[PDB]
Every structure is written in structure tokens, then in C-alpha cells.
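Starting off, we have a lone chain in the form solved without this ligand, written out as C-alpha cells.
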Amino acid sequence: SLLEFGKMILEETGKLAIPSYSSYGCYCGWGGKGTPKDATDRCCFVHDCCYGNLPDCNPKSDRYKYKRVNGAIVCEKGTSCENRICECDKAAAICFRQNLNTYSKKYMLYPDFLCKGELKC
């Protein structure tokens, strides 16, 4: 679910999902169009595509379970949708962690008109 994803983000990065990743660049938090602004935005682009691989799942609300094995996120077995949603969220959280070194506040609340053109998943 979106709240679990937010918690995973905070755990991974130490940033609050809202406002750090809810309106960032072209693809974080609301998605749509455009060339992703930077690596963090590409994490969200890929996450959006990941959700898009699951048209009959409901990632905003469906809850999954995961644990930590040392640092590492391990998705625990639920329904097929929950397993796949968890793997999408795990990847995005890891991606955000891997790109914290570039994260730029200038891309928070990024205006929609600066995001044009379709980029295929």
C-alpha cells in the first residue's frame, strides 16, 4: 500500500515520503509524461512502470508484508499481487537510497508543464 511504501522509503532513506518523494520531478508521486529529471526521478519512472506491469493489482491500497534480514528487504509471501507490489516498492526504495547522493530540492514540487513527451516503459 502507499502508506507501507512511505514507511519503506523513510526506513531506507531517512526522508519522509511526503514531501520528499510525493511531488518530485516528473514521475514521483503523480507521474505522467516527460523525460525524468535525474536518477531519483528515474526511480519513480521505473516504479510507475513496475505498477503498470500489474493492471489487475491495486498498489495504493493492497497491503503486503516484508521483513529485514540485516539491512535487506525481504518480501514475505502474500497474494500474487502483494508479492509483485512489494518487489516494485522494494526496488524503488533501494533505488532512492542508491541515488540520495544526487537528490535535488529544486525538483521538489516540480511544475507539470516542464514534463513533456511520452517515454516508453
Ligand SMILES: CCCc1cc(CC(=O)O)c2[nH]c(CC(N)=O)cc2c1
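Start at 1 with the first residue shown and count on from there. Take the two forms, find the largest set of C-alpha atoms that superpose within 1.5 Å, and that set is the rigid core.
The higher RMS C-alpha distance to the shown form in 8 other deposited structures of this protein, out of 109-117 and 17-25, belongs to 109-117, with every structure fitted on the core. In this entry, 64-72 has the higher mean Cα B-factor, the comparison being between 64-72 and 91-99.
Comparing 109-117 with 5-13, the higher mean C-alpha B-factor in the PDB entry belongs to 109-117.
Out of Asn83, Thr35, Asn58, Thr40, it is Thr35 whose C-alpha atom has the highest B-factor in the PDB entry.
When the CA B factors of the chain's modelled residues are split into thirds, the value for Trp30 lands in the highest one.
The protein also exists as the form solved in complex with this ligand; that form is not presented, and the subsequent description refers to it.
With respect to this ligand in the deposited bound form, the three residues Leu2, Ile18 and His47 uniformly fall within 4.5 angstroms at the level of their nearest heavy atom. In the deposited bound form, this ligand sits within 4.5 Å of a heavy atom of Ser22. When contacts are judged by a 4.5 Å heavy atom cut-off, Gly34 does not count as touching this ligand in the deposited bound form. Contact check for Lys67: no non-hydrogen atom falls within 4.5 Å of this ligand in the deposited bound form. Contact check for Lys60: a heavy atom falls within 4.5 Å of this ligand in the deposited bound form. Residues from 70-102 do not approach this ligand in the deposited bound form: none has a non-hydrogen atom within 4.5 Å of it.
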